[PDB]
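Only one structure is covered here, and it is reproduced in the block below.
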Amino acid sequence: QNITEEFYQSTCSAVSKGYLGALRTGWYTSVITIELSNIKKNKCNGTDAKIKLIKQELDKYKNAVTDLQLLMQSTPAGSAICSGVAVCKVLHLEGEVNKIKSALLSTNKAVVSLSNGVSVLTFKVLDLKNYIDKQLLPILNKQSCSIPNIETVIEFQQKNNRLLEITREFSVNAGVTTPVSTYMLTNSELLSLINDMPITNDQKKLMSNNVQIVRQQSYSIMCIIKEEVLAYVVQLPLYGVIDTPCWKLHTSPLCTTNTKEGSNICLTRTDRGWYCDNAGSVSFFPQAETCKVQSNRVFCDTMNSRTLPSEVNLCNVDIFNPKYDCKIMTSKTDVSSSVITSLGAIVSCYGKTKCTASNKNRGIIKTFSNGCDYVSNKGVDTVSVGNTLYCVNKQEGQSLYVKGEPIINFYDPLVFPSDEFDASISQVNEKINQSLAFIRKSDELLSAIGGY
Amino acid sequence: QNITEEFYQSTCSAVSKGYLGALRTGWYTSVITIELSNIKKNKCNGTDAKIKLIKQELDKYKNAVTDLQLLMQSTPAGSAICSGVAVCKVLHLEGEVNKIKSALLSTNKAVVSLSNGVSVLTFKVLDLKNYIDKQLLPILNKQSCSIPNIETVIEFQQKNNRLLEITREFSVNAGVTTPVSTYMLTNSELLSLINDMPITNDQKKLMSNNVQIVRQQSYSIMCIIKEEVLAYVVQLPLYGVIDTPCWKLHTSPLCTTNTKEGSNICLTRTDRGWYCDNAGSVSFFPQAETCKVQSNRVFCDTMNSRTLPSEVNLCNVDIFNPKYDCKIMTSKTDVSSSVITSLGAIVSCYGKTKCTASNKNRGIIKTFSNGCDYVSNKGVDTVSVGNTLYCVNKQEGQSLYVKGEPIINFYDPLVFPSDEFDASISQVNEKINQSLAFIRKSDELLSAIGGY
Amino acid sequence: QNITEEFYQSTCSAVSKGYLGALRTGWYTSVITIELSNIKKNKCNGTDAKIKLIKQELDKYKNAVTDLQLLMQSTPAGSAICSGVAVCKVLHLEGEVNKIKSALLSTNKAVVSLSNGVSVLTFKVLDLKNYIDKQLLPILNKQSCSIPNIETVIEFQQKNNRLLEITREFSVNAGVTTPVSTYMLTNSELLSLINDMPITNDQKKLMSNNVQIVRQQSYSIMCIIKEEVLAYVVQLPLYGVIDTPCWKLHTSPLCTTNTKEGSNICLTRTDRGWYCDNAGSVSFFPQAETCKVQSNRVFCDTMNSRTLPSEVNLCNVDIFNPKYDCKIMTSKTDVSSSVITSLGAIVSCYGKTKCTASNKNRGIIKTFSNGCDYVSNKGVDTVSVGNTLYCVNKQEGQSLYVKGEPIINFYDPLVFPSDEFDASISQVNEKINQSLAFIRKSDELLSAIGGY
Amino acid sequence: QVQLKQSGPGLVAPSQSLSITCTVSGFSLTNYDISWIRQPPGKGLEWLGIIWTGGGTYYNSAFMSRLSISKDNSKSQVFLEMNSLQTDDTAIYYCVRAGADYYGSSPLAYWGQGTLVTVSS
Amino acid sequence: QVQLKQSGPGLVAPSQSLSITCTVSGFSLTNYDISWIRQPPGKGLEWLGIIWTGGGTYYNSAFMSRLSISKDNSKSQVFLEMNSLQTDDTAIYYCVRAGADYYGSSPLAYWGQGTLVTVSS
Amino acid sequence: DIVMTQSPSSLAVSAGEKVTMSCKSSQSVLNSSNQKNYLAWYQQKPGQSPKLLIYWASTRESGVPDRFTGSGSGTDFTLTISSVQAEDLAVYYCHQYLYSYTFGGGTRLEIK
């Protein structure tokens, strides 16, 4: 509940703490269906402007239907679309759409079991068939084309509008749209759907508190236009874990403070990103895009996560812990750079580059020395390095500065490796061992030279 | 049609054959024009809210025209924009807009030849000049300013809506929009435009079969607002090759089965991606974003493609063939991972990570051993590795498992290279030899210790 | 004005010149506010179609307000918001919304000083509260509930449309939407904001000349919805530098001309991208996405730029100058490739690949030899390498070809490094010296075979 | 300490709308869920929906068509309303609390003083 | 050489609209800013807005409600119009030029021949 | 807006003498982008449109006499006429064009 950032100068890395994350571990497919009308022939003769507008709207509807049929011809349109594709093929089988229609005739929501053996909730968001057949079809059939009420046209447009907006978003995306817009599924409809989902109370509460992340993680797959039914699968996320202890790790380059150019060796911890607890193991998220962050809850997605044993956490507080092998990168470029964490900023200055930290009212207040150093988030509102300007966030929480001797010091630059994208403490240790083995082999060579 | 996905355990790579691809190798540019009205002065004096709505819509139209003029000031806004830019500059010459204006006064489609020596079709999607001048301009001109019908206002808004949405898309996209929306070019208009292109019958048929991919590969460059003409160049693709034999190659890491850490050498073929036949040479596509797939028919873009000799084909069935030198990478990280092929999935397990394959009704059915192994797509429906979950696509077709000894076995870990990106079998044969030569000369050194 | 694109055959690099620059160094946050009406109870008892449409529109408005409240629950939703969310929490403090509400009562635009010590300009784009309370609220209050005319419904829809689209963009983007659409801030209102912004008149002129780039660089953060106010911070860019001399650098691989495979060493300068002059130092932009290019003014953004000493410019005209140590890449893959510069194209051909330069009328006119060669933009219009095809842009300007001996010649292939992501001339020469020291040590050893 | 005060009439004619308000004190509504349990005379307790911290609600499937729970954070108040009340619905209503997204939440710890509701004309 | 020629009437009744036009020669309007400066009799100069190369305008804060400056590149013409002109606004009008965004320009070098405006009925 | 204050209002002088006028700016006119100063001296002869004399407080316009060459820094600038002449009977304005466009009162020169 309280974020306690901890900066370790030993690696000069900032590990946040006290996050209540909620991993996404499943999907739930809802067959959202719209009842279309199979109207193709116009018979009444009317030159009125209102009748022309109605016919134009019907032409737009027919073109939308044809575009959806083309999208179906594009269908089937990992773990992201499968169950959407699986329901797409199931609805193609004879009788499945008829069973959906029969079940949803009585109510706008139902639970339907299909031939595949899976039961899914079906939601009738829009009933265009009823409106078309009951209101404008009688006028279109009679030769008079008797429309004395303009509002119906507008009403029709409104009733048609969503469908067009459904088709357009489909047409540009070829039947796979994400995030789910408010046209695929309204927020009220989505919230009403979360209650009918077969989940715990905790999951309903979690996905009702943060509904926007549900849309950001959702999907909408074109499935089938057939038998006066337009069915698309809305693939909502499923959070198996809730309020698990999650923490972020920000890493900044640590290079030697040597003034002479060339002797700069930079060691950056590569396990940068998010970590969460799940089933006794740590789910690691390297990409920062997958883990959305609300005020205190780190919503994530195990679609690309990596499972890890628990002792990886022991690598955060102990670099040389025998339990886990931390991952580091050895480079030579010592370009000054800063990273804005949740409760401050890490700033690495090398060479002749200047770094300043300034407050809004007090102006420039701090000048940074060589190396990587961390500044808190209260009383320091901006940090300028060279010519670039990173704003320090104003998030409220405890921050701890830990005095740590830089780990780059104990590694000799001459034998230190270069441009190693991903390594490990034992991996760099054995690289150093092999380099020193070459060194002592050369020592043996000169020893033989001296003795002979 | 019959996708014969063959998996080779020698490299544990899955090659999906039997694809009917349609490469694109050029563009055809249509000057889509809208006839605007140069109306700037309003003589109406009416306080009626209907006249207020008319004036508001006209103000929106004027602001759209001004925004398009700003976009023209942004004009000119490989091969993506050249043809649009070239027509953009040509239309800026004196009289070039006039000939297009005077060539379409009788038909909505014509092929006009400009000063650049290129003849292009000029579709006239929207005629706003006629509607503005013939319907609302007379109303504005008279001092009565009596709008006869509200449906006139609604029709004006509906007609202006396409222009407003085009202006919005251009403004947010700075004049270049892709994929082409249904506002720049309706699917019916696009289909009618494909028939008038000067291409074969096969190209027209293929384009009419897959219109969505045409939109995904299309462009809409704003060119010029001038002389009551808004002209933008919609440059559709052109498929010079149709139904060529195309095949995909998916590769998965192959590492040593040793449980002890540090002894795992991982090899992964880097030639993954798509391959197609074209003019006797293989067009290679390294990233999968360019080549869309629809019902065994792959569509590919040649801008990022690389030409290769046909012998690369025998690279797939023989990695040690002397005709071609395939591309591999050598890494040390042995993280268990899954890649979802077209007719199954490849899963590589190393260390203590667990991997399972399950059917939705039978539960867990298979447990994976160390190494890379492939599973079909029928009878197995999901694969869970560690904590992450992947699918197997429900595509139907023959899948062949080929027994192949792992190539990593013949590569000694001590001399195996690390962290390589784009090496090759002939590239990785002498640096090992040099290594043994490094050994050999070092074999001299202790011989120098022995024989002096 | 005169773009003097100079190509150096020494490293075969194309440096443009004469580019004016407008660096982005600040932000200006304007609190764009919409006056909502807190209506929750409907007293109407009419069943008329117009009344039903009015109730539907009001329900849409209420759902939009609820969605905005959920987005507020997502608030605070790295200076791109660090400055933007600082105004959100200020508005959360008691009385800070009320002062804006009172100050903007008289005028639709006013500078308001907040409790944070910073005064910002507030702009009332839409007064929905007045329209709701004065027009449809009296209709709702009366028991008759008679809409005066359908044009009132249409006007209500048009006024509410901006709010509905604002809510849609916020919901799909979780509040932070970029680029700023024409619904966030109309272009006329954006121009007025630029006029009332306190800046140098040069900045006002430069922003008024290029509003599209302003939109592309802009942001719109949802701050608050409270007390019948909907406030979002639109933070426009602030160009502290104008008309600074900028220049681009395009780099192409320079590999050995030997036909035998494996002997090709490829050098490609990694400092490619844009450079600008700023306060006596060069702002370097590693990637070309940040620096949008107009006809001659290359608008940029220092949020990702790197400061560099001035003498880096002398690196462009002299790669061996002791003033600056340029950045290169030493790779082995010699794939033929072309880069299309502003006034021509650089084409690198190696091995058996063929490269041709062709004109529209004259057809194929030039065949390229081994190495990297540059072709101008006048007299040549297309370049085809292998099976792929690029253009040459028809931009007008002087282009100078400079005869330069290939720098790759001075580097011996045996000791040349491989797959180096980012090297430097000092780094390359020092590792070359280390390799020569190694060969000297082996010479010492072979001599120690004798000598005794 | 924490406390919940319940206001509103209990007796209501059949087939009418019954309203009630639970005003909380000692904690923030923006952190505590607030359920609504019902005990018929001589019978056990039954659940009548809930409104979460974010304002969303999860009604009971039986009363989903009539039950209505709203919340206002600033006044720290919760509102319950039922429609089409019939003779069977005479009971005692408790505006019980909840915790967080965890078991260790003291599920239903601090209950209101309880408001009797006798549905009769 | 370069030149500017001013047309349109100067005398106008009070509380009317006064128009004026400046036609440029010797340079392209699409490259040169064209300001508008005022000089009351027996007084120094003062600023009356400007229209940039891109067509945008920045009016004076005091005259923003009435001053209107437009331009057209093809005939290379600039148009000025003021509304609700009162007695105080009798002055001498100049359609002055400017340079580029960079300072290295002649700020107000080539002024118009000067159009007298005597606001009276 | 930044207000120009130029002194003296009138400066009577005889031919061949030296004339110095001082202009002060309310706020700093130096620009941090190009490192320049946006002030210009203009000379207006009676019945004639103003003629640009100086900008940047150092550089003169093309075709102007060399006897006018002022200088200054920050918010203080001075224009000095080395050799006053009979035809140089004109009103001189100091003008800023940094944050807006404004003019001074007008230094008047009269020969005697």
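Residue numbers (the authors' numbering), protein chains in the order written: chain A, 26 to 102, 106 to 480; chain B, 26 to 102, 106 to 480; chain C, 26 to 102, 106 to 480; chain H, 1 to 121; chain G, 1 to 121; chain F, 1 to 112.
Ideal placement from N, C-alpha and C gives every residue a C-beta, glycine not left out.
Whole-angstrom distance between residue j and residue i, CA atom to CA atom
{"i": "C/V153", "j": "A/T298", "result": "47 Å"}
{"i": "C/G407", "j": "C/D401", "result": "16 Å"}
{"i": "G/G104", "j": "A/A316", "result": "47 Å"}
{"i": "C/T214", "j": "G/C95", "result": "30 Å"}
{"i": "G/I50", "j": "A/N387", "result": "38 Å"}
{"i": "B/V326", "j": "B/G46", "result": "4 Å"}
{"i": "C/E424", "j": "C/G51", "result": "33 Å"}
{"i": "A/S55", "j": "A/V148", "result": "6 Å"}
{"i": "B/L234", "j": "B/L371", "result": "26 Å"}
Cβ-heavy atom distance, residue i to the ligand ADP, below 6 Å
{"i": "G/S120", "result": "As presented, the structure is devoid of all ligands, the ligand ADP included, so that no description of it is given."}
Check whether residue i and residue j have beta carbons under 7 Å apart
{"i": "B/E255", "j": "A/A74", "result": "no"}
{"i": "F/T75", "j": "F/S25", "result": "yes"}
{"i": "A/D450", "j": "A/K355", "result": "yes"}
{"i": "A/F151", "j": "A/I222", "result": "no"}
{"i": "G/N83", "j": "G/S17", "result": "yes"}
{"i": "C/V118", "j": "C/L133", "result": "no"}
{"i": "C/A108", "j": "C/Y247", "result": "yes"}
{"i": "C/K232", "j": "G/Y93", "result": "no"}
{"i": "A/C304", "j": "A/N292", "result": "no"}
{"i": "A/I175", "j": "A/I167", "result": "yes"}
{"i": "B/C377", "j": "B/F396", "result": "yes"}
{"i": "A/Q244", "j": "A/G112", "result": "no"}
Simplified DSSP state of residue i, which is helix, strand or coil
{"i": "H/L80", "result": "strand"}
{"i": "B/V345", "result": "helix"}
{"i": "H/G42", "result": "coil"}
{"i": "C/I477", "result": "helix"}
{"i": "C/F313", "result": "strand"}
{"i": "C/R468", "result": "helix"}
{"i": "C/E60", "result": "coil"}
Closer than 7 Å to chain D by CB, residue i
{"i": "C/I222", "result": "Going by chain labels, chain D is absent from the structure shown, which instead holds the protein chains A, B, C, H, G and F."}
For residue i, the residue or residues it bridges with in DSSP
{"i": "H/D72", "result": "H/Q77"}
{"i": "F/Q43", "result": "F/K51 and F/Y92"}
{"i": "residue 105 of chain C", "result": "Within the gap of chain C, which runs from 102 to 106, lies residue 105 of chain C, and it has no coordinates in the structure."}
* **Uninterrupted beta strand (DSSP E) stretches inside the segment 394-437 of chain A (no shorter than 3 residues)** => 399-403, 410-413, 416-419 and 426-430
* Identify every run of the alpha helix (DSSP H) within the segment 113-188 of chain A, keeping only runs that are complete inside it and at least 4 residues long; order them along the chain. => 124-134, 156-159 and 165-169
* Any chance you could list the beta strand (DSSP E) runs of at least 3 consecutive residues sitting entirely within the segment 57-101 of chain F, in chain order? => 71-73, 76-81 and 91-96
* Asked: Can you list, in chain order, the stretches of the alpha helix (DSSP H) that have 4 or more residues and sit fully within the segment 232-267 of chain C?
  -> 239-245
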